[PDB]
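These notes are about the structure you will find just below.
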Amino acid sequence: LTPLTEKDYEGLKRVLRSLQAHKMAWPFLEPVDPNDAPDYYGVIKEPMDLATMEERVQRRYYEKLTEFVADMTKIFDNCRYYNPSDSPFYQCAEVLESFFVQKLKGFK
Ligand SMILES: CNc1cc(-c2ccc3[nH]ccc3c2)nc(S(C)(=O)=O)n1
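Under the UniProt record's numbering, the first residue of the sequence shown carries the number 309, and numbering increases by one thereafter.
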């Protein structure tokens, strides 16, 4: 696959900022607070959140788009596994993942 260029990285920053600004993004902005879900980190093996992804973008951690998409998909998969399908948290993953897909297609 094609390495992420400096120009690609500016696009990833734009995509990440779009997700961080979405009104349904709140549960994903930062790592789950263990005090608000004391079982969360025993349930979810590989936590992920948008602030961790922002740190990784700023550090040029990602070499291929597939790696960035994989971290984003972890956010949504973790949410749907931890929460029941009628939870407001689950709803956020449904909305934000479709929004991410729209933005990802534009990024290409
Ligand atoms: C009750 N279920 C939950 C609770 C939370 C949660 C709680 C407190 C929090 N403080 C800072 C982030 C943060 C996230 N996040 C989810 S999530 C990421 O959508 O799977 N599900």
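Beta carbons are placed, not taken as given, at the ideal position from N, Cα and C, and that holds for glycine.
Worksheet item: At least one CB of chain B closer than 8 Å to the CB of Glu-318: is that the case?
Response: Absent here is chain B; the protein component of the structure consists of one chain.
Discussion item. With a threshold of 7 Å on Cβ separation, who are the neighbours of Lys-382 within its own chain once the five nearest residues in sequence on each side are excluded?
Written reply: Along the sequence shown, one-based indexing puts residue 382 at 74. Annotation for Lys-382: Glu-354, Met-356 place their beta carbon closer than 7 Å to its own, counting only its chain and skipping 5 residues before and after.
Worksheet item: Relative to ligand 1, is the shortest distance from any of its heavy atoms to the C-beta of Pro-335 smaller than 7 Å?
Response: Taking the sequence shown and counting its residues from 1, the one referred to as residue 335 is at position 27. Distances between the C-beta of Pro-335 and the heavy atoms of ligand 1 include at least one below 7 Å.
Discussion item. Please tell me whether, using a cut-off of 7 Å, the distance from the CB of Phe-408 to the nearest non-hydrogen atom of ligand 1 is below it.
Written reply: Here residue 408 refers to the residue found at position 100 when the sequence shown is read from its first residue. The answer is no for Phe-408.
Fill in: Every unbroken alpha helix (DSSP H) inside the UniProt domain "Bromo" (328-398) [4 residues or more]
Secondary structure in the UniProt domain "Bromo" (328-398): the alpha helix (DSSP H) runs of 4 residues or longer, each lying completely within the stretch, are 348-351, 358-366, 373-390 in chain order.
Worksheet item: How big is the Cα-Cα spacing for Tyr-398 and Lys-321?
Response: Residue 398 sits at position 90 when you count from the first residue of the sequence shown. Residue 321 sits at position 13 when you count from the first residue of the sequence shown. Roughly 25 Å between the two C-alpha positions.
Worksheet item: With burial defined as no fewer than 16 other Cβ atoms inside 10 Å of the residue's Cβ, what is the status of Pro-335: buried or exposed?
Response: Here residue 335 refers to the residue found at position 27 of the sequence shown. The C-beta of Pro-335 has 16 or more other C-beta atoms within 10 Å across all chains shown, which makes the residue buried.
Item to complete: Mark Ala-329 as exposed unless 16 or more other C-beta atoms lie within 10 angstroms of its C-beta, in which case mark it buried.
Response: Counted from its first residue, the sequence shown places residue 329 at position 21. Looking at its Cβ environment, which holds fewer than 16 other Cβ atoms inside 10 Å, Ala-329 is exposed.
Worksheet item: Who are the near neighbours of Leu-358 in its chain, counting only those whose CB is closer than 8 Å to its CB and skipping five residues on each side?
Response: The sequence position of residue 358 within the sequence shown is 50, counting from 1. Taken in chain order, the residues that qualify are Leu-324, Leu-327, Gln-328, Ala-333, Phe-336, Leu-337, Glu-338, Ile-383.
Discussion item. Is residue 276 near ligand 1 - that is, is its Cβ less than 7 Å away from at least one heavy atom of it?
Written reply: Because the chain here runs from 309 to 416, residue 276 falls outside it and cannot be looked at.
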